[PDB]
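Here the structure comes first, spelled out in structure tokens, and everything after it is commentary.
Counting from 1, the numbers follow the sequence of the chain as shown. In each ligand, atom 1 is the first atom listed, and ligand 1 is the first ligand listed. All values below come from the heavy atoms of this structure, side chains included, with hydrogens, waters and symmetry mates left out.
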Amino acid sequence: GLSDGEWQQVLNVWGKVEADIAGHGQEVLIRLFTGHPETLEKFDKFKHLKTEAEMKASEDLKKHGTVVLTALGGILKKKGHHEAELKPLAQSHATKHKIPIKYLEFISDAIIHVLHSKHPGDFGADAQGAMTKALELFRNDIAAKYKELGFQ
Ligand code: HEM
């Protein structure tokens with residue numbers, strides 16, 4: 001649960017991402033895959049990537065980065081009223097992709113890392129607090145659907 005001031009910060013920060021959604025999305029996924037290599041195993045179409053250079057050079061990875069952040073941004077722009085948007089993602093990730101909620105924690109922190117990396121000194125304490133809360137909300141609502149489905 002976020003305040004309007006906090007949502008304001010979230011969507012302010014998101015404007016940064018939208019100026020270069022492919023660049024951000026790429027770096028988020030790279031941070032995830034290199035930080036937590038077991039995550040790479042969940043992607044049949046990325047499991048071939050051994051090195052970060054190959055990751056950096058992958059246009060399909062950038063493409064998927066765009067799809068992921070486009071989806072996330074759509075959800076964030078709802079300011080918490082995202083049930084319709086989130087349910088199919090929760091379902092596909094639990095039932096088709098089999099993604100444990102732990103990996104959603106991983107990518108949440110990765111987004112935080114990337115924002116600091118791409119905007120050093122431009123991602124303030126208040127901004128981090130708001131973004132972190134937004135991602136926690138996202139995660140928590142997914143976790144509820146996972147419980148429903150009995151998915152671990
Ligand atoms: C902010 C978090 C995330 C968002 C918004 C997101 C969104 C999406 C979307 C929109 C798709 C394509 C449609 C679909 O299959 O539902 C997708 C596919 C997929 N996602 Fe996620 N995702 C997130 C996190 C993750 C994480 C953390 C993992 C694994 C570590 C993951 C694994 C996958 C896989 C394996 C696919 C299918 C890829 C393919 O073969 O095309 N996702 N995701």
Would a single hydrophobic cluster contain both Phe138 and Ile101, if residues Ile, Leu, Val, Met, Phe, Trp and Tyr are joined by side-chain heavy-atom contacts under 4.5 Å?
yes
Check if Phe138 has a non-hydrogen atom at a distance under 4.0 Å from any atom of ligand 1.
yes
Pairs meeting criterion side chain to side chain donor-acceptor pair (under 3.5 Å) with involvement of residues 87-99, two or more places apart
none
For atom 31 (C) of ligand 1, what is the closest protein heavy atom, and at what distance to 0.1 Å?
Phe43 CZ, 3.6 Å
Report, in ascending order of atom number, the atoms of ligand 1 lying under 4.0 Å from any heavy atom of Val67.
10 (C)
Qualifying side chain to side chain donor-acceptor pair (under 3.5 Å) pairs, either residue in residues 143-152, two or more places apart:
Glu83-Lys145
Numbered atoms and elements of ligand 1 in range of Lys42, under 4.0 angstrom, heavy atoms:
35 (C)
for atom 39 (C) of ligand 1, nearest protein heavy atom and its distance come out as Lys45 CE, 4.0 Å
Linking I/L/V/M/F/W/Y whenever any side-chain heavy atoms sit under 4.5 Å apart, do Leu11 and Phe123 land together?
no
Considering only the protein, which heavy-atom contact is closest to atom 24 (C) of ligand 1, and what is its distance?
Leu104 CD2, 3.8 Å
Does the plane of the ring in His64 sit parallel, tilted or perpendicular to the ring in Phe46? Use 30° and 60° as the thresholds.
perpendicular
For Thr39, the ligand 1 atoms with a heavy-atom partner under 4.0 Å come out as 30 (C)
Does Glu136 come within less than 4.0 Å of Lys133, counting only side-chain N to carboxylate O?
no
Give a yes or no on whether atom 1 (C) of ligand 1 lies under 4.0 Å from any heavy atom of the protein.
yes
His82 NE2 to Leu72 CG distance, which is reported to the nearest 0.5 Å
10.5 Å
Atom 27 (C) of ligand 1 [closest protein heavy-atom partner, distance rounded to 0.1 Å]
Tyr103 O, 3.4 Å
Atoms listed for atom 21 (Fe) of ligand 1 (protein only, N, O or S, under 2.8 Å, no waters) are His93 NE2
I need the full list of side chain to side chain donor-acceptor pair (under 3.5 Å) pairs touching residues 107-117, with sequence neighbours left out, sorted by first then second residue.
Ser108-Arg139, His116-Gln128
Give a yes or no on whether a salt bridge exists between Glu41 and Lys47, defined as a side-chain N under 4.0 angstrom from a carboxylate O.
no
N/O donor-acceptor pair under 3.5 Å between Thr132 side chain and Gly129 backbone:
no
Polar side-chain atom of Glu18 near backbone of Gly15 as donor-acceptor pair, under 3.5 Å
no
contact_flag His64 ligand 1 heavy-atom lt 4.0 Å:
yes
